[PDB]
Number of protein chains: 2
Amino acid sequence: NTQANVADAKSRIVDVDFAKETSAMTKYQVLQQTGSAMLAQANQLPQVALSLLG
Amino acid sequence: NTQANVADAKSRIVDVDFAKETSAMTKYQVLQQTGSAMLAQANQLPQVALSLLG
C-alpha cells in the first residue's frame, strides 16, 4: 500500500503533464514562424535609402 | 537588451540621415551650375573697354 502512495507523490513532482506540455509546444511553433517572417521583413528596411537617389 | 539601446544612442551621434544629406547634395549641385554661369559671364565684363575705340 505505502509503495503505491509514494509513487503518487513522486510523479507529481518530476513527471510532465502532456496536456500542459503539448499546448506549450504548439504555442511556440506559431511564435517561431511569426518571428522568422518579422525578422526577414525587418532586414530589408534599409533598402529605403536606395530610393532617395543612392 | 542593453546592447540594442546603446546602439540606438550611438547611431544618433555618428550616423547620417539620408533625407537630410540627399537634399543638401542636390542643394549644392544647383549652386555649382549657377556659380559657373555667373563666373563665365563675369569674366567678359572688361570687353566693354574695346567698344570705346580700343
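Every number here is computed from the coordinates shown, using simple stated rules; none is lab data. Every residue, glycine among them, receives a Cβ derived from its backbone with ideal geometry; neighbour counts consider all protein chains shown.
Summary of values
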quantity	calculated
Exam field: A:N1 pseudo-label spacings to other copies (7 Å along Cα-Cβ), nanometres	5.4
Cβ-defined net charge surrounding A:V14, 15 Å radius [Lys, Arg +1; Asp, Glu -1]	-1
In nm, spacing of pseudo-spin labels at A:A7 and A:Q29 (7 Å Cα→C-beta vector)	3.2 nm
Cβ-based net charge around A:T2, under 14 Å, with every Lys or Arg adding one and every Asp or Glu removing one	0
Square roots of 5 times each gyration tensor eigenvalue, C-alpha, chain A, largest first, Å	54, 8, 4
Cα-projected label distance for B:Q44 with A:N43, points at 7 Å along beta-carbon direction, nm	5.9 nm
Folded to 0 to 90 degrees: helix B:2-14 orientation relative to chain B principal axis, Cα	10 degrees
Calculated FRET efficiency for the pair B:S51/B:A19, C-beta based, R₀ 41 Å, to 0.05	0.20
